[PDB]
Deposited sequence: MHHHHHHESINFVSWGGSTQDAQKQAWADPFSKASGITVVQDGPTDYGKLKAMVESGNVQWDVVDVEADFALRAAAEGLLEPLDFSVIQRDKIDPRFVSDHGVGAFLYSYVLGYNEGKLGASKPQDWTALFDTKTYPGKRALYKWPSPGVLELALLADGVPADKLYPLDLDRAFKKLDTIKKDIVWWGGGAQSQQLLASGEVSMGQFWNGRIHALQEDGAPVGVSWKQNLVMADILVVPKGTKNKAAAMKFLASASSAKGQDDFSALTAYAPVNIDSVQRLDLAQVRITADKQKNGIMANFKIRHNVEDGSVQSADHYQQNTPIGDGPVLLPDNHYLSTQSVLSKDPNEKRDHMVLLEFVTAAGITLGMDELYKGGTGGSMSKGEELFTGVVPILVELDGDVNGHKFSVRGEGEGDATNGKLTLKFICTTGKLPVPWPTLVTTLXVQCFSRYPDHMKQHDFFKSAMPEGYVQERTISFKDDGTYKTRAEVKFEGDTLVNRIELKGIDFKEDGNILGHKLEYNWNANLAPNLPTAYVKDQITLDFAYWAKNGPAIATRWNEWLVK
């Protein structure tokens, strides 16, 4: 029996790493993974120097990964086991593999960029900043003081400290991710610098927190294996698993950090449907997280798991990994007296770049060249409240346009309309020419497909859905049975506390959607200068 000790930053991030990396890896390999930490560079150096290494795999910042490799603290990685070619070229080396990409972002309980941390008059309250000498604080201070992005390095330290001085009294230092989350989730600070994923975690927990991505500061974490590890072979197998496309995708989906495998689907937002082939069932699976604005000002998450299986016996297109991008608009018909929803949607397939090497693909594709009438019928049961919904309209696959009106035929809808949107015809997505080979949905027509989902609402119940999507004559029909269980009668769903819109889905939540606003933190600079800055930082910290 073999066991590895995995060391990370604790809290929601480490929970996600356990769930997305450790659990799958243990299942597959029979190797136990024990969760330890937090990452502490001192403790790492010390155990390496003493020759009694207790830590097998450690999550570290890129600056430290370079320094530690230079100081001889790390095992050289075994690229017979880790697929080096699949890792973002920027975040792989002889002594490290990329763990994930993230940003420091400005979190608040109105504020637009780092200058807001310095204006206590306009924006009152304490400000949260990272306690440890490390890329981020000095840079954002310089940016707030008018230094342009491209002229940050080398850091003008005197100027940065002078800028921080103007607010020293109002700074609350955070030493760890958990503390930063507590500082913001309670009102102890009003604003600050946070790891983006930590803010994501708070949002999904119903905390009312906002983010600006202006001048977001990009950095990467690296998985390293401390020199002298007693479990070298097992550590390497773990790095292989965690750095694979699947491990990266799953970790990204749980945290809103960005994956670092070139084969990972590069979505802009976790609400976009990530599609993968299910060879065994001759169909596809999908995953995504929808968000809904609550009237109290928070945001409620809806975690979707989807499986689609062809009804017919015919041959179908099994896609390469990609995603769907959806814009939805909810509205009301002023002349409609029943409980109802008017929905307008655009769906486009994306996530494979147009290339020469990537270029009619199925008989079913031909059924969608024109405008096609749609009928949706749903029979639902949520906590024993029965209800029916019927919708009609048209689909235009060429433009990926859906226009639909839905009626609740049984009276008042016992749930909010927004929560039914995703249940209430992906065969209408526009697939670009270079991607038509990846359109499972159209390929299964006209016999159709079965669409099954689990939708979990954070801190509330679950919908379970089973739908048949097929042609009946000229009409594309989506017939659905929905069963909902374990809802709170006074919760956001059964107590109708959700806004009638799709606004929570408008602002993307992954770092990859804000390249234009990114600033690259210079981890090579920090590798070389870190110790000297630390000295200066520690001195300044008690002045």
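- If you line the structure up with the deposited chain, the stretches without a C-alpha atom are 1-6, 116-122, 373-379, 445.
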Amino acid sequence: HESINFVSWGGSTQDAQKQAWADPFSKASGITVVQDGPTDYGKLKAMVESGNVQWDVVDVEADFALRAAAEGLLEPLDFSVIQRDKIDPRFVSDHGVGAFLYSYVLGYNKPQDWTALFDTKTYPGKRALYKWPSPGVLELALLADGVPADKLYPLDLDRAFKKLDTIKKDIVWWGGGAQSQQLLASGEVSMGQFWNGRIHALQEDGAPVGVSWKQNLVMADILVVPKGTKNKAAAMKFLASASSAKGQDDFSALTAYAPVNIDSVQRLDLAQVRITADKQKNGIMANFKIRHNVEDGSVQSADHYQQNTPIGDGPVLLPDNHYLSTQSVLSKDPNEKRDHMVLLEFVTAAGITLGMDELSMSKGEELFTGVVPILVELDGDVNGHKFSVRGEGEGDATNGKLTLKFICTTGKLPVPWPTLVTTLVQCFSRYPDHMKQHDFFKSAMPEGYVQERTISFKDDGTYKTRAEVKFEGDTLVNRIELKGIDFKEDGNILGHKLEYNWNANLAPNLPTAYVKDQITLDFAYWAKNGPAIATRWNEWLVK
From here on, numbers count along this sequence of modelled residues.
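- When the mean C-alpha temperature factors of 8-16 and 528-536 are read from the deposited coordinates, 528-536 comes out higher.
- Higher average CA B factor: 327-335, of the stretches 219-227 and 327-335.
- Which of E139, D460, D269, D85 has the largest Cα B-factor in the deposited entry comes down to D85.
- In this entry, the residue among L77, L254, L101, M361 with the greatest C-alpha B factor is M361.
- Sort the chain's modelled residues by C-alpha temperature factor and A234 lands in the middle third, per the entry.
- Among the modelled residues of its chain, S443 has a C-alpha B-factor that falls in the middle third, as given in the PDB entry.
- Per the PDB record, residue ranking by Cα B-factor puts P89 in the highest third of the chain.
- Sorting the modelled residues of the chain by their CA temperature factor places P414 in the middle third.
- Compared with the other modelled residues of the chain, the Cα B-factor recorded for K386 ranks in the highest third.
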